[PDB]
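What follows is the content of target_35.json, which has JSON, C-alpha atoms:
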```json
[["chain", "number", "residue", "atom", "x", "y", "z"],
["S", 103, "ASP", "CA", -6.39, 7.59, -7.87],
["S", 104, "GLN", "CA", -6.52, 9.55, -11.18],
["S", 105, "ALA", "CA", -9.15, 12.18, -10.54],
["S", 106, "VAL", "CA", -7.17, 14.63, -12.70],
["S", 107, "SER", "CA", -5.18, 14.03, -15.87],
["S", 108, "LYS", "CA", -1.47, 13.29, -15.97],
["S", 109, "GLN", "CA", -1.14, 16.10, -18.51],
["S", 110, "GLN", "CA", -2.91, 18.62, -16.30],
["S", 111, "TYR", "CA", -0.58, 17.59, -13.47],
["S", 112, "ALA", "CA", 2.40, 18.12, -15.80],
["S", 113, "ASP", "CA", 1.14, 21.59, -16.77],
["S", 114, "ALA", "CA", 0.52, 22.57, -13.13],
["S", 115, "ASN", "CA", 3.93, 21.24, -12.09],
["S", 116, "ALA", "CA", 5.46, 23.27, -14.93],
["S", 117, "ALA", "CA", 3.67, 26.37, -13.59],
["S", 118, "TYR", "CA", 5.07, 25.55, -10.12],
["S", 119, "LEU", "CA", 8.66, 25.23, -11.35],
["S", 120, "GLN", "CA", 8.34, 28.20, -13.73],
["S", 121, "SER", "CA", 7.23, 30.42, -10.85],
["S", 122, "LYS", "CA", 9.88, 28.99, -8.51],
["S", 123, "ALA", "CA", 12.51, 30.11, -11.02],
["S", 124, "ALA", "CA", 10.88, 33.56, -10.97],
["S", 125, "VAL", "CA", 11.23, 33.62, -7.17],
["S", 126, "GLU", "CA", 14.89, 32.67, -7.64],
["S", 127, "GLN", "CA", 15.45, 35.41, -10.22],
["S", 128, "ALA", "CA", 13.68, 37.97, -8.00],
["S", 129, "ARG", "CA", 15.72, 36.85, -4.96],
["S", 130, "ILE", "CA", 18.97, 37.38, -6.89],
["S", 131, "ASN", "CA", 18.17, 41.12, -6.83],
["S", 132, "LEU", "CA", 17.67, 41.16, -3.04],
["S", 133, "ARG", "CA", 21.04, 39.46, -2.79],
["S", 134, "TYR", "CA", 22.38, 42.24, -5.05],
["S", 135, "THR", "CA", 21.07, 45.08, -2.85],
["S", 136, "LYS", "CA", 23.12, 43.88, 0.11],
["S", 137, "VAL", "CA", 26.32, 44.27, -1.92],
["S", 138, "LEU", "CA", 28.35, 41.18, -1.12],
["S", 139, "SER", "CA", 32.12, 41.52, -1.29],
["S", 140, "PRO", "CA", 33.25, 39.60, -4.40],
["S", 141, "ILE", "CA", 36.63, 38.52, -2.98],
["S", 142, "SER", "CA", 38.44, 38.48, 0.36],
["S", 143, "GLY", "CA", 41.14, 41.01, 1.12],
["S", 144, "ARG", "CA", 41.86, 44.47, 2.47],
["S", 145, "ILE", "CA", 39.34, 47.11, 1.46],
["S", 146, "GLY", "CA", 40.32, 50.73, 0.83],
["S", 147, "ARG", "CA", 38.05, 53.71, 1.42],
["S", 148, "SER", "CA", 34.40, 54.08, 0.48],
["S", 149, "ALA", "CA", 34.21, 56.27, -2.61],
["S", 150, "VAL", "CA", 30.48, 56.95, -2.20],
["S", 151, "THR", "CA", 29.15, 57.53, 1.31],
["S", 152, "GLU", "CA", 25.59, 56.76, 2.38],
["S", 153, "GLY", "CA", 22.90, 58.76, 0.64],
["S", 154, "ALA", "CA", 24.49, 58.95, -2.80],
["D", 370, "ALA", "CA", -51.91, -5.33, -40.45],
["D", 371, "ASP", "CA", -50.61, -3.92, -37.15],
["D", 372, "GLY", "CA", -48.17, -6.82, -36.92],
["D", 373, "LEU", "CA", -47.14, -6.36, -40.56],
["D", 374, "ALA", "CA", -46.42, -2.64, -40.09],
["D", 375, "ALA", "CA", -44.38, -3.37, -36.97],
["D", 376, "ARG", "CA", -42.42, -6.17, -38.66],
["D", 377, "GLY", "CA", -41.79, -3.78, -41.55],
["D", 378, "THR", "CA", -40.49, -0.93, -39.39],
["D", 379, "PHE", "CA", -38.69, -2.58, -36.45],
["D", 380, "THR", "CA", -35.93, -3.97, -38.68],
["D", 381, "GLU", "CA", -35.02, -0.42, -39.72],
["D", 382, "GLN", "CA", -35.46, 0.89, -36.17],
["D", 383, "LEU", "CA", -33.16, -1.75, -34.70],
["D", 384, "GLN", "CA", -30.61, -1.31, -37.50],
["D", 385, "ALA", "CA", -30.50, 2.40, -36.63],
["D", 386, "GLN", "CA", -30.35, 1.63, -32.91],
["D", 387, "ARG", "CA", -27.53, -0.91, -33.28],
["D", 388, "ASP", "CA", -25.61, 1.64, -35.34],
["D", 389, "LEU", "CA", -26.15, 4.10, -32.47],
["D", 390, "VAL", "CA", -24.83, 1.51, -29.99],
["D", 391, "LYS", "CA", -21.81, 0.83, -32.21],
["D", 392, "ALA", "CA", -21.02, 4.55, -32.63],
["D", 393, "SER", "CA", -21.38, 5.19, -28.89],
["D", 394, "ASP", "CA", -19.12, 2.21, -28.19],
["D", 395, "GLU", "CA", -16.48, 3.58, -30.57],
["D", 396, "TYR", "CA", -16.74, 6.93, -28.77],
["D", 397, "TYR", "CA", -16.22, 5.09, -25.48],
["D", 398, "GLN", "CA", -13.18, 3.25, -26.85],
["D", 399, "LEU", "CA", -11.68, 6.54, -28.06],
["D", 400, "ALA", "CA", -12.34, 8.19, -24.68],
["D", 401, "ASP", "CA", -10.65, 5.18, -23.06],
["D", 402, "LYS", "CA", -7.72, 5.55, -25.46],
["D", 403, "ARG", "CA", -7.41, 9.20, -24.46],
["D", 404, "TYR", "CA", -7.58, 8.15, -20.80],
["D", 405, "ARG", "CA", -4.88, 5.45, -21.02],
["D", 406, "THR", "CA", -2.20, 7.84, -22.30],
["D", 407, "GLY", "CA", -3.09, 10.48, -19.71],
["D", 408, "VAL", "CA", -4.48, 13.52, -21.56],
["D", 409, "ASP", "CA", -8.02, 13.01, -20.24],
["D", 410, "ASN", "CA", -9.58, 12.60, -16.80],
["D", 411, "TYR", "CA", -11.44, 9.62, -15.38],
["D", 412, "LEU", "CA", -14.72, 11.52, -14.94],
["D", 413, "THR", "CA", -15.00, 12.11, -18.70],
["D", 414, "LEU", "CA", -14.31, 8.41, -19.20],
["D", 415, "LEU", "CA", -17.20, 7.73, -16.83],
["D", 416, "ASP", "CA", -19.40, 10.13, -18.82],
["D", 417, "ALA", "CA", -18.59, 8.11, -21.94],
["D", 418, "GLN", "CA", -19.46, 4.91, -20.02],
["D", 419, "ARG", "CA", -22.82, 6.33, -19.02],
["D", 420, "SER", "CA", -23.68, 7.46, -22.56],
["D", 421, "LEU", "CA", -22.82, 3.92, -23.73],
["D", 422, "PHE", "CA", -25.10, 2.47, -21.06]]
```

Just dump the structure as structure tokens.
Amino acid sequence: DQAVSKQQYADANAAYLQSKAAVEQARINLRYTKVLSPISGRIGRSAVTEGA
Amino acid sequence: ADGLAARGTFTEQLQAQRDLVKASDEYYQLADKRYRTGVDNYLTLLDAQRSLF
């Protein structure tokens, strides 16, 4: 019913999407900590043990 | 002489007042033209309507 501007809605929606991309780019690092295997196959031995 | 002074001054007073009404109506039309494209609210358009009234 147009109680706020279309432009202020566009700016707030831009802030929404521009913070949602920051959540994506900060979730990429949590996916990097659990080190996913890049390809399927037979793994050798762990060069670094836990703690290093 | 009262009637002569009032007939002498009310033409200038109403010319000034009609120029005020015309300037406030142009300000309302420009606030409407900012409202129609979307950069301005509806409450500021209503403030311009009430200054016109």

Could you pull the residues within 12 Å of residue 414 (chain D), counting all atoms listed in the file, minus those fewer than 4 positions along the same chain, as a JSON list (two decimals) with C-alpha atoms, in the coordinates of the input?
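Contents of the output file out.json:
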```json
[["chain", "number", "residue", "atom", "x", "y", "z"],
["S", 104, "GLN", "CA", -6.52, 9.55, -11.18],
["S", 105, "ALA", "CA", -9.15, 12.18, -10.54],
["S", 106, "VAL", "CA", -7.17, 14.63, -12.70],
["S", 107, "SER", "CA", -5.18, 14.03, -15.87],
["D", 394, "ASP", "CA", -19.12, 2.21, -28.19],
["D", 396, "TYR", "CA", -16.74, 6.93, -28.77],
["D", 397, "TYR", "CA", -16.22, 5.09, -25.48],
["D", 398, "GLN", "CA", -13.18, 3.25, -26.85],
["D", 399, "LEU", "CA", -11.68, 6.54, -28.06],
["D", 400, "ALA", "CA", -12.34, 8.19, -24.68],
["D", 401, "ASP", "CA", -10.65, 5.18, -23.06],
["D", 402, "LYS", "CA", -7.72, 5.55, -25.46],
["D", 403, "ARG", "CA", -7.41, 9.20, -24.46],
["D", 404, "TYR", "CA", -7.58, 8.15, -20.80],
["D", 405, "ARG", "CA", -4.88, 5.45, -21.02],
["D", 407, "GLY", "CA", -3.09, 10.48, -19.71],
["D", 408, "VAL", "CA", -4.48, 13.52, -21.56],
["D", 409, "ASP", "CA", -8.02, 13.01, -20.24],
["D", 410, "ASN", "CA", -9.58, 12.60, -16.80],
["D", 418, "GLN", "CA", -19.46, 4.91, -20.02],
["D", 419, "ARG", "CA", -22.82, 6.33, -19.02],
["D", 420, "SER", "CA", -23.68, 7.46, -22.56],
["D", 421, "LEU", "CA", -22.82, 3.92, -23.73]]
```

Next item on the list: Give me, please, the distance in Å between CA of residue 127 (chain S) and CA of residue 112 (chain S), quoted to one decimal.
Entry: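 Separating CA of residue 127 (chain S) from CA of residue 112 (chain S) is a distance of 22.4 Å.
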
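Between CA of residue 150 (chain S) and CA of residue 129 (chain S) lies a distance of 25.1 Å.
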
Check: At what distance in Å, to one decimal, does CA of residue 108 (chain S) lie from CA of residue 123 (chain S)?
Finding: 22.4 Å

Margin query: Considering only C-alpha atoms, can you say which of D:422, D:416, D:385, D:411 comes closest to chain S?
Written below: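 For chain S, the nearest of the candidates is D:411.
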
Starting from the incomplete input, reconstruct N, CA, C and O atoms of region 118-142 of chain S and report them as an mmCIF file, in the frame of the given file.
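As a result, rebuild-v2.cif now contains:
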```
data_model
loop_
_atom_site.group_PDB
_atom_site.id
_atom_site.type_symbol
_atom_site.label_atom_id
_atom_site.label_comp_id
_atom_site.auth_asym_id
_atom_site.auth_seq_id
_atom_site.Cartn_x
_atom_site.Cartn_y
_atom_site.Cartn_z
ATOM 1 N N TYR S 118 4.350 25.527 -11.397
ATOM 2 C CA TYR S 118 5.070 25.550 -10.120
ATOM 3 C C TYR S 118 6.557 25.813 -10.300
ATOM 4 O O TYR S 118 7.110 26.717 -9.665
ATOM 5 N N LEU S 119 7.223 25.045 -11.167
ATOM 6 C CA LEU S 119 8.660 25.230 -11.350
ATOM 7 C C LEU S 119 8.985 26.539 -12.063
ATOM 8 O O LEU S 119 9.996 27.181 -11.753
ATOM 9 N N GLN S 120 8.123 26.975 -12.979
ATOM 10 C CA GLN S 120 8.340 28.200 -13.730
ATOM 11 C C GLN S 120 8.065 29.444 -12.892
ATOM 12 O O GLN S 120 8.558 30.524 -13.230
ATOM 13 N N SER S 121 7.304 29.323 -11.803
ATOM 14 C CA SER S 121 7.230 30.420 -10.850
ATOM 15 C C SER S 121 8.292 30.330 -9.762
ATOM 16 O O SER S 121 8.681 31.361 -9.198
ATOM 17 N N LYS S 122 8.781 29.126 -9.461
ATOM 18 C CA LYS S 122 9.880 28.990 -8.510
ATOM 19 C C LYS S 122 11.170 29.566 -9.073
ATOM 20 O O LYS S 122 11.963 30.164 -8.332
ATOM 21 N N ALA S 123 11.376 29.438 -10.385
ATOM 22 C CA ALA S 123 12.510 30.110 -11.020
ATOM 23 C C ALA S 123 12.339 31.621 -11.028
ATOM 24 O O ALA S 123 13.335 32.349 -10.966
ATOM 25 N N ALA S 124 11.100 32.120 -11.075
ATOM 26 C CA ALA S 124 10.880 33.560 -10.970
ATOM 27 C C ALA S 124 11.156 34.072 -9.560
ATOM 28 O O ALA S 124 11.650 35.192 -9.400
ATOM 29 N N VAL S 125 10.852 33.268 -8.537
ATOM 30 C CA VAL S 125 11.230 33.620 -7.170
ATOM 31 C C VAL S 125 12.748 33.621 -7.011
ATOM 32 O O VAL S 125 13.313 34.496 -6.343
ATOM 33 N N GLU S 126 13.431 32.671 -7.658
ATOM 34 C CA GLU S 126 14.890 32.670 -7.640
ATOM 35 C C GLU S 126 15.466 33.912 -8.315
ATOM 36 O O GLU S 126 16.354 34.574 -7.763
ATOM 37 N N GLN S 127 14.935 34.273 -9.482
ATOM 38 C CA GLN S 127 15.450 35.410 -10.220
ATOM 39 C C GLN S 127 15.062 36.746 -9.588
ATOM 40 O O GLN S 127 15.739 37.752 -9.818
ATOM 41 N N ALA S 128 14.006 36.777 -8.773
ATOM 42 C CA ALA S 128 13.680 37.970 -8.000
ATOM 43 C C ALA S 128 14.349 38.002 -6.634
ATOM 44 O O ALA S 128 14.317 39.046 -5.979
ATOM 45 N N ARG S 129 14.920 36.888 -6.180
ATOM 46 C CA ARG S 129 15.720 36.850 -4.960
ATOM 47 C C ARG S 129 17.182 37.182 -5.223
ATOM 48 O O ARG S 129 17.882 37.657 -4.314
ATOM 49 N N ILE S 130 17.645 36.936 -6.457
ATOM 50 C CA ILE S 130 18.970 37.380 -6.890
ATOM 51 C C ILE S 130 19.131 38.895 -6.712
ATOM 52 O O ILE S 130 20.183 39.371 -6.268
ATOM 53 N N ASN S 131 18.076 39.668 -6.989
ATOM 54 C CA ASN S 131 18.170 41.120 -6.830
ATOM 55 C C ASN S 131 18.238 41.543 -5.363
ATOM 56 O O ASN S 131 18.954 42.497 -5.036
ATOM 57 N N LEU S 132 17.526 40.855 -4.466
ATOM 58 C CA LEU S 132 17.670 41.160 -3.040
ATOM 59 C C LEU S 132 19.031 40.744 -2.516
ATOM 60 O O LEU S 132 19.516 41.322 -1.540
ATOM 61 N N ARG S 133 19.652 39.741 -3.126
ATOM 62 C CA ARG S 133 21.040 39.460 -2.790
ATOM 63 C C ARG S 133 21.981 40.504 -3.382
ATOM 64 O O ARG S 133 23.070 40.718 -2.844
ATOM 65 N N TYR S 134 21.574 41.170 -4.465
ATOM 66 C CA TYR S 134 22.380 42.240 -5.050
ATOM 67 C C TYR S 134 22.293 43.549 -4.285
ATOM 68 O O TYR S 134 23.232 44.347 -4.358
ATOM 69 N N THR S 135 21.176 43.821 -3.594
ATOM 70 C CA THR S 135 21.070 45.080 -2.850
ATOM 71 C C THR S 135 22.033 45.105 -1.673
ATOM 72 O O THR S 135 22.762 46.082 -1.482
ATOM 73 N N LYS S 136 22.055 44.048 -0.874
ATOM 74 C CA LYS S 136 23.120 43.880 0.110
ATOM 75 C C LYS S 136 24.387 43.479 -0.648
ATOM 76 O O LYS S 136 24.596 42.312 -0.980
ATOM 77 N N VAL S 137 25.236 44.463 -0.953
ATOM 78 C CA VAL S 137 26.320 44.270 -1.920
ATOM 79 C C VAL S 137 27.393 43.399 -1.300
ATOM 80 O O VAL S 137 28.187 43.855 -0.473
ATOM 81 N N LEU S 138 27.391 42.124 -1.672
ATOM 82 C CA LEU S 138 28.350 41.180 -1.120
ATOM 83 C C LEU S 138 29.732 41.465 -1.694
ATOM 84 O O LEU S 138 29.874 41.826 -2.865
ATOM 85 N N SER S 139 30.745 41.325 -0.854
ATOM 86 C CA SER S 139 32.120 41.520 -1.290
ATOM 87 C C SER S 139 32.519 40.388 -2.219
ATOM 88 O O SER S 139 32.384 39.217 -1.847
ATOM 89 N N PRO S 140 33.001 40.680 -3.429
ATOM 90 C CA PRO S 140 33.250 39.600 -4.400
ATOM 91 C C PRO S 140 34.469 38.757 -4.096
ATOM 92 O O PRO S 140 34.559 37.634 -4.604
ATOM 93 N N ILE S 141 35.406 39.248 -3.286
ATOM 94 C CA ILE S 141 36.630 38.520 -2.980
ATOM 95 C C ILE S 141 37.111 38.986 -1.612
ATOM 96 O O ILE S 141 36.732 40.056 -1.134
ATOM 97 N N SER S 142 37.907 38.152 -0.950
ATOM 98 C CA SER S 142 38.440 38.480 0.360
ATOM 99 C C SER S 142 39.735 39.262 0.228
ATOM 100 O O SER S 142 40.514 39.039 -0.701
#
```
